[PDB]
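In the entry's author numbering, the protein residues as written are 4 to 177. All residues carry an ideal CB built from backbone N, CA and C; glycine is no exception. These notes concern the structure reproduced below.
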Amino acid sequence: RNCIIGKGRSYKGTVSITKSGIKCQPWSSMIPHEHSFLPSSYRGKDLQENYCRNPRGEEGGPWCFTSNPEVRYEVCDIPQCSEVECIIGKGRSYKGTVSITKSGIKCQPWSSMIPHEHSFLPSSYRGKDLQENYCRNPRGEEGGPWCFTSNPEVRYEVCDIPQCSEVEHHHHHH
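Rendered as structure tokens:
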């Protein structure tokens, strides 16, 4: 993805513009800037196209030589990856803390039988993180994470959690 973890020493994404907005120079090119980061000599460091990279693992994060003759190199401005509430596909793996249904009803705790009695006991679904009153999809059903609701007239309802594809840092269409 196009965010970095730590200093991005293994960053392999597609950002190709510096912090000040300068288009990166290709690693294979000596123009404008002549240099020794030859892709054939630095394999495993994935010096591909003109993508920002951190081949030496430095504090600045990924950087590139720049297409501006007056600026030899510059760090890139790549956000640090941060956890956001989202699901992939149907949310079989969702372990977030959303606890309200799509119609805004507070979820009932999984450990509770009130108002709705049920057989989704946390002790019987070890591994599925039936914690507190958090929306979950413990049998990997279509429709996604859901909960029993605190409203006695609504036994259960799906929760509306955004798809991670809406918020993530995508590889560009290159």
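Got a sec? Which residues, its chain only, sit under 7 Å from residue 63 by beta carbon, not counting five neighbours each side?
78
Per the contact definition of three or more C-beta pairs closer than 8 Å, is the region 54–68 in contact with the region 91–109?
no
Report the residue ranges of all beta strand (DSSP E) runs contained in full by the region 62–99; include only those spanning at least 3 residues, in chain order.
66–68 and 76–78
In chain order, what residues of the same chain have a beta carbon less than 7 Å from the beta carbon of residue 31, not counting five sequence neighbours either side?
42
Can you look up residue 145 in the DSSP assignment and give me helix, strand or coil?
coil
Which of the three DSSP states is assigned to residue 156 in this structure?
coil
Residue 168, enclosing alpha helix (DSSP H) - first and last residue
167–170
Could you tell me which uninterrupted beta strand (DSSP E) segments, each at least 3 residues in length, are contained entirely in the region 16–70, listed from first to last along the chain?
66–68
Determine the closest residue to residue 33 out of 144, 70 and 86, with distance taken between C-alpha atoms.
70
Roughly how many whole angstroms lie between the Cα atoms of residue 149 and residue 141?
9 Å
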